[PDB]
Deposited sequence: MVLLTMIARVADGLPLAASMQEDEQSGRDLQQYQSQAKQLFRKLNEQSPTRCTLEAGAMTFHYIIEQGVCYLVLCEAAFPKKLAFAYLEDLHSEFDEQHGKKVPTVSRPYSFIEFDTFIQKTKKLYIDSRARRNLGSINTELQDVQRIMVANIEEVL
């Protein structure tokens, strides 16, 4: 289907890297930033949240949250495998610089790897909760 992807530091919700292509986005990018604010050291490390016609999926590794949003019909099995590919690459490239940066999106150039990983999933060729409860 289609989606939105965000990488953020769990401690303060500071954005690290993202990727969005429209051709709405404002309602779900907000809900994404709410989740990043709520998440802390007691949050589940792997979770799936139902947002009606849409569905959020995230993993948290090394104080970094890897979030993806897609239509509810996207395979849950593939959503987490997409987050693992990002996590292994991001933690390898910038994993040791994360708890020091202070600007938002200090890793915009990670956009490049995201979209090339993203196109290997939206082309066929743990916990479940409600996003509205968590927010």
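Asks: Could you name the stretches of the deposited sequence that have no C-alpha atoms in this structure?
Replies: Model skips 24 to 28, 131 to 147 of the deposited chain.
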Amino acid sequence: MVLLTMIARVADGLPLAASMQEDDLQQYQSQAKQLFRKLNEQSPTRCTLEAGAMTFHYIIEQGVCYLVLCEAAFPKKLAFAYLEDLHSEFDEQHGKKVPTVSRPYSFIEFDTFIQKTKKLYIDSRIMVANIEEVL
From here on, numbers count along this sequence of modelled residues.
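Asks: Per the PDB record, is the mean Cα temperature factor higher over 42 to 50 or over 60 to 68?
Replies: Taking the mean B-factor of the alpha carbons in each, 42 to 50 is higher.
Asks: Is the Cα B-factor recorded for residue 99 in the lowest, middle or highest third of its chain?
Replies: Middle third by C-alpha B-factor.
Asks: Compared with the other modelled residues in the chain, in which third is the CA B-factor of residue 106?
Replies: Ranked within chain, residue 106 CA B lands in the lowest tercile.
Asks: Taking only the Cα B-factors deposited for this chain, tell me whether residue 4 sits in the lowest, middle or highest third.
Replies: Middle third, going by the recorded CA B-factors of the chain.
Asks: Among the modelled residues of this chain, does the Cα B factor of residue 79 put it in the lowest, middle or highest third?
Replies: Within its chain, residue 79 is a middle-third residue by C-alpha B-factor, going by the deposited values.
Asks: What third of the chain does residue 112 rank in for C-alpha temperature factor, lowest, middle or highest?
Replies: Answer is lowest: the recorded C-alpha B-factor places it there.
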